[PDB]
There are 2 protein chains.
Amino acid sequence: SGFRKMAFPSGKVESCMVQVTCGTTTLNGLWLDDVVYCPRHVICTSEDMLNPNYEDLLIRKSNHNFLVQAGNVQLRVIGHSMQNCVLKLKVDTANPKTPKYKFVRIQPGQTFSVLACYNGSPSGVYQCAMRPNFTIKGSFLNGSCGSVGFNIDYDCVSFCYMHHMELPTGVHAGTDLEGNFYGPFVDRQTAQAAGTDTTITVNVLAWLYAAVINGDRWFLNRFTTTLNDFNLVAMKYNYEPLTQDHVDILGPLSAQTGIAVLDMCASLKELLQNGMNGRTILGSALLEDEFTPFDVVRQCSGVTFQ
Amino acid sequence: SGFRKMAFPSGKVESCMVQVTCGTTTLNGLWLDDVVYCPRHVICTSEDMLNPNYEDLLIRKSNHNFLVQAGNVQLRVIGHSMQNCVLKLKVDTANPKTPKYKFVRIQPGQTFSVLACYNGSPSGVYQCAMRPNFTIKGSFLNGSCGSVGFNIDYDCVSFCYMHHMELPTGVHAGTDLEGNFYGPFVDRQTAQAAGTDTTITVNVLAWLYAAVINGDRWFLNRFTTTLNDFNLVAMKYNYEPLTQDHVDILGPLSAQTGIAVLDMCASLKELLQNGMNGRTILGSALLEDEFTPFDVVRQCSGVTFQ
Ligand SMILES: *C(=N)[C@H](C[C@@H]1CCNC1=O)NC(=O)[C@@H]1[C@@H]2[C@H](CN1C(=O)[C@@H](NC(=O)C(F)(F)F)C(C)(C)C)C2(C)C
Ligand SMILES: *C(=N)[C@H](C[C@@H]1CCNC1=O)NC(=O)[C@@H]1[C@@H]2[C@H](CN1C(=O)[C@@H](NC(=O)C(F)(F)F)C(C)(C)C)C2(C)C
């Protein structure tokens, strides 16, 4: 029993981290086969980041201008290209520790683990969600860019996030591994702000099921509700609409606990209208929305990875 | 910016996990050099665990009765011995991925990362604290025993916990790597309960400093207090006494923020007496006590590991 914010084991990703230096700017890169992926603003001075012309800055660079270090070993860059907001450095050595991997673009509400790195070296690992406003609530400092987010499926690492920048209120924004930003943000040091965020309803429901599985059941009421009536109440409290797709994804937890999804919805409705009355659920005084239905199943059933 | 519950990178420890099977009981082992460490109740049937005589059960075992699997490869056991509540299986092959390591016994209030494993394979990683009542708030299922807790110092893994059992209210208990339990618990399936837990005061203060570093400052008041007067208030609210050793450990965060420790204590005192008035600190509605002063420094300064 017990329920914690669990990250994926980070070992497969640790073996892919390198440091990339261009001039005086150093950040992290991801070394897969004979390519190193990293944020394109490695080629910027501090001055350039206020209004960079990345295409222009990259013309004046050659291969030898990129210093790629994998531990104690320098990797010679033998080609380079830019794909949206990421640079791809071809190196003369394939990473022998390259795991089976995929590049995926995740949807808002889905979760992933972040391996926060500095100078190509890991600092720590934590779990995050892609917020509905396309930010993540991370923990990143200067030099953290190029740190990646990922999910694991048995032996396959699905990379879904590269870190690029921090937005007001201390939230974070970045790209998929094709260099396309999540959200309407740009890699330029100019005033930018995320839109209003919303609560990930399907994840709150998943976490209420995790609470029931752990014997924390005080919030279960005797009612049911329709999907439409629930979504009207959720709208008022800045909760995302619950779709039939979400109901289907909650099926396994609903079947395991014997609580219909719409019954859980009625219990969540009461919590939204009345509060928790200074009570806790799974030790938290707030409803948690950064566990997906699969996160709950993986933690409560002991799914492992190779 | 940002502040999250961060675990250590788990790669060095992943390379040490194996599965140990004796008869029909399978759990996790830790493979360091040519020794595999695991909980001694691997030698028990389900029947034996109600009242095991571990010494007796182990006489009737020989080396070949232990099946140790490291991935796809069986490791031949060539010797065995019992040290308190852990078995030590000597194997014919040294683990080539053995990191620089130490066995340490941590103190209540100190934190560590847990690599939760099943059948020798990792499921996830999360951060925990040794509670003052010598339990940990983990997430463990059947087959999780032998999962370990650890800290990293540059390239050295300090192993501090082996998982053995679950106690009422869904909390967990185990041993150091010498097999000595934390707390007054025994590896027998009989009714056992942890004593009343307390809040780790020095860690709450560390986390308030993390909040200030992140610009969450609303709780800072204009007062100071003496150490004695603070500890009288903390006693009432089931907080551990703050010692001069704790004040000294908080020095770096106090110097960084320019807030004297006893001034922070006055702000914490007001939070204890008045509550947070439905406000949050670093996104939490409750005071958090599972970040040590070093955890805060390591996260907010970007300390990395090799
Ligand atoms: C990568 N190493 C850093 C990570 C930042 C640093 C502090 N916390 C983080 O997550 N990325 C940057 O410094 C990027 C980068 C220029 C400026 N930048 C920012 O994150 C800035 N944010 C913005 O300008 C705004 F408002 F658009 F979000 C900063 C003020 C430094 C937080 C470039 C090329 C966008
Ligand atoms: C190791 N694989 C398991 C981990 C347990 C299983 C469920 N969650 C966990 O953390 N360890 C055990 O099953 C140990 C073990 C016998 C029984 N046991 C327990 O954890 C039991 N607890 C107790 O009997 C009590 F009350 F003392 F805490 C159980 C009721 C199964 C939770 C031995 C040899 C102690």
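Each chain gets a letter, A, B and so on, in the order its sequence line appears, and its residues count up from 1.
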**OP:** Examine whether an atom of A/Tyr118 lies under 4.5 Å from a heavy atom of chain B, and if so say whether it belongs to the side chain, the backbone or both; otherwise answer neither.
**Re:** both
**OP:** Below 4.5 Å from any heavy atom of chain B, which atoms of A/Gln299 appear? Answer side chain, backbone, both or neither.
**Re:** both
Original post:
Short question: side chain of B/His172, backbone of A/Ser1 - any donor-acceptor pair under 3.5 Å?
Top reply: yes
Subject >> Atom group of A/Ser301 that falls short of 4.5 Å from chain B, counting heavy atoms >> reply: backbone
Subject >> For chain B, the option from A/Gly11, A/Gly215, A/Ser139 that forms the most heavy-atom pairs under 4.5 Å >> reply: A/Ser139
Original post:
Under the 3.5 angstrom rule, does the side chain of B/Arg298 hit a backbone N or O of A/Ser123 as a donor-acceptor pair?
Top reply: yes
Original post:
For chain B, which of A/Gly138, A/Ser284, A/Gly170 has the most heavy-atom pairs under 4.5 Å?
Top reply: A/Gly138
Subject >> Any donor-acceptor N/O pair, A/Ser121 side chain to B/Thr304 backbone, under 3.5 Å >> reply: no
Subject >> Side-chain heavy-atom pair B/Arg4, A/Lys5 within 4.5 angstrom cut-off >> reply: yes
Original post:
What part of B/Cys128 is in contact with chain A, defined as an atom under 4.5 angstrom from a non-hydrogen atom: side chain, backbone, both or neither?
Top reply: both
**OP:** For B/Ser10 and A/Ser10, indicate whether the former's side chain and the latter's backbone hold a donor-acceptor pair under 3.5 Å.
**Re:** yes
**OP:** Answer yes or no: is there a side-chain heavy-atom contact under 4.5 Å between B/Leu286 and A/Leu286?
**Re:** no
Subject >> Residue among B/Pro9, B/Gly302, B/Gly2, B/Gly278 with most heavy-atom pairs under 4.5 Å to chain A >> reply: B/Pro9
